[PDB]
Every structure is written in C-alpha cells, then in structure tokens.
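If you're matching them up, the sequences are chains A and B in order.
Residues in the first sequence are numbered from 13 upward in steps of one, following this note's numbering.
Residues in the second sequence are numbered from 13 upward in steps of one, following this note's numbering.
There are 2 protein chains.
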Amino acid sequence: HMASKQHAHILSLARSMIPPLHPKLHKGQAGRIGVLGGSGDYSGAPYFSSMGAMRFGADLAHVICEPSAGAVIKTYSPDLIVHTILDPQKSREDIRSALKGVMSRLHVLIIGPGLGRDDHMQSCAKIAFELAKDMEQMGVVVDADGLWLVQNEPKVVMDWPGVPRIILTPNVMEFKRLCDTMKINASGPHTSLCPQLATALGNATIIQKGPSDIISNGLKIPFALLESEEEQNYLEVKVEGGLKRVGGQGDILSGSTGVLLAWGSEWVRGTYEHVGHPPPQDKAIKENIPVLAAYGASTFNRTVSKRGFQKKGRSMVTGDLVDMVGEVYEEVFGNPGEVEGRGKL
Amino acid sequence: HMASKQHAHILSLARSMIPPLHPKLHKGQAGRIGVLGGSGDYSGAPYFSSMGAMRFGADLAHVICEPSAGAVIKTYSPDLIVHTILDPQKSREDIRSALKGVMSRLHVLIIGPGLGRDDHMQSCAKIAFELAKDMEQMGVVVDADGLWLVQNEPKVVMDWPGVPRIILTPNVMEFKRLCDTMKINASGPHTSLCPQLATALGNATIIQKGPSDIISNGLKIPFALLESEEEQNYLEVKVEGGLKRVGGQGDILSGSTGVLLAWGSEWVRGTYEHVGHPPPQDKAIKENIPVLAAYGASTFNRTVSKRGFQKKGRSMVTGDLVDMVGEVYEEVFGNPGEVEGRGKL
Ligand SMILES: Nc1ncnc2c1ncn2[C@@H]1O[C@H](COP(=O)(O)OP(=O)(O)NP(=O)(O)O)[C@@H](O)[C@H]1O
Ligand SMILES: Nc1ncnc2c1ncn2[C@@H]1O[C@H](COP(=O)(O)OP(=O)(O)NP(=O)(O)O)[C@@H](O)[C@H]1O
Ligand SMILES: [Mg+2]
Ligand SMILES: [Mg+2]
Numbered sequence: 013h014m015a016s017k018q019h020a021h022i023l024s025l026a027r028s029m030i031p032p033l034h035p036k037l038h039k040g041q042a043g044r045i046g047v048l049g050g051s052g053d054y055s056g057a058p059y060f061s062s063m064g065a066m067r068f069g070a071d072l073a074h075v076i077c078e079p080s081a082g083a084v085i086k087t088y089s090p091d092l093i094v095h096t097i098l099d100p101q102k103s104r105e106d107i108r109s110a111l112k113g114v115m116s117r118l119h120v121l122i123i124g125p126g127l128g129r130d131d132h133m134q135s136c137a138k139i140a141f142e143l144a145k146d147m148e149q150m151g152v153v154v155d156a157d158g159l160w161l162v163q164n165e166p167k168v169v170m171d172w173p174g175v176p177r178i179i180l181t182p183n184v185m186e187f188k189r190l191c192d193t194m195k196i197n198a199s200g201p202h203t204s205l206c207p208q209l210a211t212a213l214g215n216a217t218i219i220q221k222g223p224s225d226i227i228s229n230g231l232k233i234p235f236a237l238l239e240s241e242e243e244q245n246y247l248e249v250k251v252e253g254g255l256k257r258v259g260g261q262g263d264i265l266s267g268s269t270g271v272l273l274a275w276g277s278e279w280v281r282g283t284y285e286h287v288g289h290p291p292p293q294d295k296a297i298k299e300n301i302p303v304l305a306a307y308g309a310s311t312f313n314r315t316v317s318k319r320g321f322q323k324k325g326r327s328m329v330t331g332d333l334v335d336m337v338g339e340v341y342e343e344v345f346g347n348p349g350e351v352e353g354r355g356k357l
Numbered sequence: 013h014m015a016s017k018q019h020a021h022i023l024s025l026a027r028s029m030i031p032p033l034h035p036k037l038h039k040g041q042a043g044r045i046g047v048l049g050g051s052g053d054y055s056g057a058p059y060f061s062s063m064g065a066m067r068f069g070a071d072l073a074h075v076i077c078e079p080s081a082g083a084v085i086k087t088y089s090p091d092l093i094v095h096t097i098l099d100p101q102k103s104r105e106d107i108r109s110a111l112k113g114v115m116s117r118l119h120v121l122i123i124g125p126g127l128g129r130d131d132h133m134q135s136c137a138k139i140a141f142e143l144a145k146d147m148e149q150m151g152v153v154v155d156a157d158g159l160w161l162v163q164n165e166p167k168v169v170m171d172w173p174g175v176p177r178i179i180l181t182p183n184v185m186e187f188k189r190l191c192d193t194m195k196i197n198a199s200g201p202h203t204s205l206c207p208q209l210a211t212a213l214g215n216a217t218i219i220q221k222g223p224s225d226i227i228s229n230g231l232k233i234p235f236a237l238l239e240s241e242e243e244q245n246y247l248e249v250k251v252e253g254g255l256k257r258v259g260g261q262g263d264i265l266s267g268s269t270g271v272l273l274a275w276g277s278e279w280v281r282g283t284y285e286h287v288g289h290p291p292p293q294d295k296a297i298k299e300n301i302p303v304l305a306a307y308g309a310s311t312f313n314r315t316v317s318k319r320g321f322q323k324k325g326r327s328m329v330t331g332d333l334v335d336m337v338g339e340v341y342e343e344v345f346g347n348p349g350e351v352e353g354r355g356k357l
C-alpha cells in the first residue's frame, strides 16, 4: 500500500532525471562516465561498471587504469575508451596531469572497481578525489577499494564545495568498517546506522547493499519525495533481486548509479531544458539528485539481477547481466517514461 | 517531392559504382582498404572503421597502427590484417618504406581513426599523406585527428595529381577549426560554409556531419547529379538517423565511405567492364566519384544508426552497428541494385 505508492513515486522522480533521446542532443550530452580502477590482476570489475554504464545509456565510458589490466579490458569491448595512465613507472605529477586531462571530460567518476589496496593505486584514487573535489560539476560514485580509501582517510569526502554529488556503495562488511572508522555504535537501530554514517561523512549519499538496500544522505527525505510526523531519513529498496550471488553485481550498480547521477546533475544544470526537460522547480529535488540516482540504480540493479537469474538460474554470471541491462532499462525506465509523456527515454 | 526525387537519383548514381558479385572477380577486386591510426590507448575507432569496411563489402581491410593498439585490435577479429609498423622504436626511413609497402597494396587509405595528436603519429600520417599524393590511383578518407593534421598543415591535401580522390569527414567542431585555419568567415550562409572550405582545400569533398550532413567539393553539382538556375554546390543528407549519440558512428561512416570510394574509382578505371559494369559515359560522374561515395556513405550510415537504434534503443553501442552493416547494406544498396538489374550487389 503506502510502501508501493512511495516506491513508485520515488522511482517516478528518478525517471524525471532522464534526458529524452532527442534529435537536438549531440554526442556526450547523455553522459561521459569514467571508471577509475583496474590494477594488477583485477580486470572484470572495471569492465562491468563501465560497460554497464554504456548499456544503461552513457554516450562515452572511460576506464582509467594500469597498463596490464588496461590491455585486457580493451579486448572486452571496442566501445570503451581505456586510459592506461596509472602507470607506476610514471611520475606523480605526470599522473596528476594525465588524470586531470581525462577527468575534465567527465560528468561522473566511479572510483574503486578493481582498484585494489596497494599504495600506488590508493594514491591515484586520492589524487582523483582531490581533483573531483575542486571540479564543482563532477559527480563521484565510490565502490570496492575506493571505500577502503575513505575508511582510511574519510576527509577525502568531507567539505566539498558545490551541490552534494557523492554516492558510496558499501556492502555489509565495507559498511561495518566505515561505521567503525566514524565511531558509529553498532547497537543502534538497524535503519538508523546508514543515516548516521552519511551524516558523519558530511551527508554523502550511501547505498548500504544487502538483502534489501538502505539508502540515506543523513537528512530527512523532503516532502517532494517521501503528517505531524517527520519524513523518514532513509529509504529501503526491497524489490525482488536475483538469487545467484555471483561476484560483480555491485559493479553493474555503480555503473548505472553513475549514469543516473550524471543525467540528474545535467538536468538540474539546465542542459535538457531546450529538449523539453527543464530543471525541477523544487529545491529539494535539486539537493537530492544523489539520493534519487541511488534509489533508481538500486531498484534497477536488483531488477537486472532478477531478470538475469530468471534466464540463467544457477549458471548466471555477471557478464550475462551486461547484455541484459538494455532490456531491463526499457522495462524500468524507458517504456514507463515514454508512456508518462516524458519523450523517448 | 523534388527533394525525394533528387535524393533517390543521387543514391541511384552511388549504387551504380558497386561492382557485381560475379564469378569472374578474384580476391581484392572488390576493395583493399587501409585504416591508419591506432595509437597508444585508442583501440576501438580503427576497429570500427576497418571492420565496418569489411562488413560493407571490402575483400581485405588493413590496419596500420602502433604495436600496443595493434595487439588489442587483432584480438577483435581474425579477419583484419593489422600491421604494427608505426613503432616509434623504428627509424623514420623504415616506417616510410614499411608504409609504402602496405600502401602499394591498397585502393583507399582512411587516415585518422584512433590516430591521436602526438608528434610521432602525426608524422606517420604526414608520411602517408605524402605517399598517397604520389600514388595517383590511391583514394584517401580523412577523419578524427587526421583532420587535426590538415588543420595544422592544409597543404597536405592541396595540389594533388590525378583525379580528385580525397574525402574529409569533420564533425561540428573539427569543421569550425578547419574553417578558422582557411580564414572562412562564420557569418556566411550556413550551407555555403562547406563549399567554401572545400574550395579553399582544392575542391576536396567534405562531409560536414551533424543533425543533417552537408556534402560539397566546392563545385556546382553537375547536370548528371542535381532550369535557368545553377545547380546547387552542396548536397544535404537529411535521412533519419539514430537517436543514441554513442561514440564511434563516424568510424562506421569512414569505413563505408572508403569502400564506396574504392569501388567507384575502380569502376571509372574500367576494372568492372568485363563483368558488365563499364565506366560511365559522363565525365561529370568520373569527376564526382568522391561526392557520390560521400553521399552514399552518409545516407547509409544514418540508416545503419537508425536500424541499430530501433533494435537497441538507449543501450546501443557502435559495436552493435558493425554487426548490422550487412543487413542495412542489403536494404540500401544490395536488394535495390539487384532489382534495378545491376546484378548481385
Ligand atoms: N540476499 C539478496 N537478495 C537479493 N539481492 C541481493 C541480496 N544481497 C544483495 N543483493 C543485491 O546484489 C547486489 C550486490 O550486493 P552485495 O553482494 O551485497 O554487494 P557486493 O559484495 O559489493 N557485490 P560485488 O559487486 O560482487 O562486490 C546489489 O544490487 C544488492 O542489492
Ligand atoms: N542529431 C543527429 N541525429 C541523427 N544523426 C546524427 C545527428 N548528429 C550526427 N548524426 C550522424 O551521426 C554520425 C556521426 O556524426 P557526429 O556525431 O556529428 O560525428 P563525430 O563527432 O565525428 N562522431 P564520432 O565517430 O563518435 O567521433 C553521422 O552519420 C551523422 O550524420
Ligand atoms: Mg563489492
Ligand atoms: Mg569523430
């Protein structure tokens, strides 16, 4: 009842972020997404995140990685632009300037897929956090060992200028580690842990992944989204996912999260006004693009896993899901948005 | 009305360039196409152009690139011949002679896909421009950073011997940069900019890519193609394309442009006379092979993007389009040409 209406309503708000597929748009206005990771042996995760982003709808996806992983990742798909610029044989200044060059061409950077924990790649991720901080129109999604960096240096996400534009996606153990760093007591009510952590991290948006996902930026969900009672300060996605717990499904999530974050950010900026999607009136929607991107992506990713599991069952691997992103996008966003009168979504 | 009749007529002339698939032809007479590019990290664009060329109908497609990109590009397809001869550890003379060896086996060289802007690859492209200039039966298609070289040294396309045989394919910004180099005033009428630039570049044929494509070699479109009024000096392709602005669709265009340029050039040379396609009577058609190849490829590429977008929608990537070149070729050229009595096209 209430839960179904609220879920549909918030999903509808997420759908409102999506630019129409319109003759007047040119290459790049539907999203330029970067994935920073791919160290050493970790080839699959940055592919899943970046190719997931392309199948979800990005015009361009960039992978920023080390040379060895980069050579593998390029063979998976000619549609990815793979920058092997995190070469430990390069000076730090050269890496910083190479990273700045690529990042200046991005709406959103996903930090973490296949990043690993060694000093070099962690330092490269820290550089990227620092550049993103000072690029006010840059969104950031943090996953995998990107979250290890936050756990070690939480200030990398704290006190950013501009609108809020960070989404963290910890699994159960990554979340517990984050809470321990921020001295958040685990005896708290289960649904209060995520808003506490988000608050302690300067109201970044956090997707706490699990049997259900708990989403929060630490603030109450404004009237535009969620009587005499205050609106909840978290959202819980319980939509049916898949039953096969094969590795990589969080990378589909980060890639699709990054795309929705880029679209919603460009939407609020006014980029889609000339194709009939002007920014929203309500300041609360502008301030909550990360929560809407997060809620939409969480919902979508479980639906992708559900459909992949219906097709493949016990045999499902995450590579299968990359091929199903398009049809599930059409189910969740494209066909509903078009029937809603939003244009070809 | 008039626009539909003219479009169909010019497309019919482009179709007349296509050799029949005939038992008497042997390997290579339906096109030996080269793509010069593939530097550093840029793996996808030369694949899209060269594999697009093969799916369009070339007998052999060659990629001329650096070793690192070449190793990736080879894994995409055993049908491409990848020459990793642009090795910066090789002497210039060795590169020149290696390039000359491969180019002497080509009808057409596509310069630019994944070329990049660094001194080495730009110098390799300049060598290739110089050899092509002095190989009178060699056609050239210039895209991507091949156009950066022209923008820096426009003489590389000026004063070529033989028939005109160069086609440039700038997008909106590349076109503006070219106009600035050639001191062409942007206040001019919109459809007069492309013929002015082509004229300033010695009547090379230019595809100005955009919401529609404007095609011109700077000269009026002769009576064979376009009362008391002079024929237009440009053609405009407005056929429906796709709505997904994913990167790489200009590489499908360059590969298909290169194939049509090779076929039309061999056709005028007399190569297909013994299989029932003698050269055209009209000198204007011979002088306008580049415009016909350009018009046919522009039309075809938007139709490919249209069909790929109908199948994949928001999820379309350019890799999907490579697989659809064959069926769209059959729609645009093969089945119409056969019903026209041109043989199995
Ligand atoms: N029990 C569950 N039932 C259904 N969906 C689930 C379940 N647990 C997690 N998910 C979903 O599966 C995806 C990945 O979640 P989860 O396995 O918790 O993260 P992870 O450990 O980071 N995965 P990975 O990408 O392999 O590193 C998310 O979309 C979750 O919502
Ligand atoms: N708004 C549009 N609607 C439909 N087709 C378009 C539109 N803009 C460009 N095209 C076509 O898309 C293809 C690529 O054009 P365009 O994006 O302008 O070039 P580009 O920037 O060089 N692309 P790329 O190959 O990624 O570098 C051409 O076949 C164009 O005719
Ligand atoms: Mg994970
Ligand atoms: Mg281009």
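No residue lacks a Cβ here, since even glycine has one placed at the ideal position from N, Cα and C.
Task: Counted within 10 angstroms of its Cβ, other Cβ atoms place A/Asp225 as buried (16 or more) or exposed - done: buried
Task: Per DSSP, cross-strand counterpart(s) of A/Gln220 - done: A/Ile226
TODO: Work out the CA separation of B/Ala70 and A/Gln41 for me, nearest whole Å.
DONE: 34 Å
- [ ] Kindly list the residues whose CB is nearer than 6 Å to the CB of A/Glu252, restricted to its own chain and excluding five residues on each side of it in sequence; keep chain order.
- [x] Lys318
Task: Under the three-state DSSP convention, the category B/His286 falls into - done: helix
Open item on the list: List, in chain order, every chain B residue whose beta-carbon is nearer than 9 Å to that of A/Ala42.
Closed with: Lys256, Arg257, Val258 and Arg326
- [ ] Can you have a look at B/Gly174 and say buried or exposed, based on whether 16 or more other CB atoms are within 10 angstroms of its CB?
- [x] exposed
Open item on the list: Just to confirm, is the Cβ distance from B/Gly260 to B/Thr330 under 9 Å?
Closed with: yes
- [ ] Compute the minimum distance between the beta carbon of A/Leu37 and the heavy atoms of ligand 2, and state whether it is under 8 Å.
- [x] yes
Task: Member of B/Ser135, B/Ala306, B/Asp192 and B/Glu241 whose CA lies at the smallest distance from the CA of B/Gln220 - done: B/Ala306
TODO: Check whether the Cβ atoms of A/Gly346 and A/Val287 lie closer than 9 Å to each other.
DONE: no
Task: Closest by C-alpha distance to A/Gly308, when choosing among A/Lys324, A/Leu209, A/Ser24 and A/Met14 - done: A/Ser24
- [ ] Confirm, please, whether the CB-CB distance from B/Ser61 to B/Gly270 is below 9 Å.
- [x] yes
Open item on the list: Is B/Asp192 a contact residue of ligand 1, with contact defined as CB to any heavy atom under 8 Å?
Closed with: no
TODO: Could you tell me which chain B residues have their CB closer than 8 Å to the CB of A/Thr87, listed as they occur along the chain?
DONE: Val84, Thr87 and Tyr88
Open item on the list: For a contact defined as C-beta to C-beta under 8 Å, what are the partners of A/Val94 on chain C?
Closed with: The displayed structure is made up of protein chains A and B, and chain C is not among them.
Open item on the list: Considering only heavy atoms of ligand 4, does any lie closer than 8 Å to the CB of A/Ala137?
Closed with: no
Open item on the list: Please list, in chain order, the chain A residues whose beta carbon lies closer than 7 Å to that of B/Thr193.
Closed with: Correct list: empty, because the minimum Cβ distance to chain A is about 22 Å.
Open item on the list: Let me make sure I understand the geometry here. Which of B/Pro166, B/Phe141, B/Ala26 and B/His202 has the alpha-carbon closest to that of B/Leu111?
Closed with: B/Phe141
- [ ] Can you tell me the Cβ-Cβ gap for B/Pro176 and B/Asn245, rounded? I've got them flagged as a contact below 8 Å.
- [x] Contact flag wrong, Cβ pair sits at about 15 Å.
TODO: With 9 Å as the C-beta to C-beta threshold (strictly closer), list the residues of the stretch 206-226 of chain B near chain A in chain order.
DONE: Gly222 and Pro223
TODO: Could you give the DSSP three-state label for A/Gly40: helix, strand or coil?
DONE: coil
Open item on the list: Against B/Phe60, what residues of chain A qualify as contacts under a CB-to-CB distance less than 8 Å, listed in chain order?
Closed with: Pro90
- [ ] Select from A/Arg117, A/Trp160 and A/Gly151 the residue whose C-alpha is nearest the C-alpha of A/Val280.
- [x] A/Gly151
Task: Whole-angstrom distance between B/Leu209 and B/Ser199, CA atom to CA atom - done: 14 Å
- [ ] Evaluate the contact criterion for the stretch 149-166 of chain A versus the stretch 119-129 of chain A: three or more CB pairs, one atom per stretch, below 8 Å.
- [x] yes
TODO: Output yes or no for whether 9 Å exceeds the beta carbon distance between A/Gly214 and A/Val169.
DONE: yes
TODO: Can you have a look at A/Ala20 and say buried or exposed, based on whether 16 or more other CB atoms are within 10 angstroms of its CB?
DONE: exposed
Open item on the list: Let me make sure I understand the geometry here. Which of B/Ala15, B/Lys17 and B/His34 has the alpha-carbon closest to that of B/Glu285?
Closed with: B/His34
Open item on the list: Just to confirm, is the Cβ distance from B/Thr211 to B/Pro302 under 9 Å?
Closed with: no
Task: Closest by C-alpha distance to A/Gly338, when choosing among A/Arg326, A/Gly353 and A/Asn313 - done: A/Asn313
Task: Residues bridged to residue 359 of chain B (per DSSP) - done: Since the first residue shown for chain B is 13 and the last is 357, residue 359 of chain B is missing from the structure and cannot be characterised.
Task: Rounded separation between B/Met133 and B/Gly50 - CA only - done: 9 Å
Task: Through-space distance from A/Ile97 to A/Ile76, alpha-carbon basis - done: 7 Å
Open item on the list: My assumption, with CB atoms under 8 Å, is that A/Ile122 sits in contact with A/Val94. Please give the rounded CB distance.
Closed with: Contact flag wrong, Cβ pair sits at about 14 Å.
Open item on the list: Between A/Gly308 and ligand 4, is there a pair consisting of the residue's CB and a ligand heavy atom that are separated by less than 8 Å?
Closed with: no
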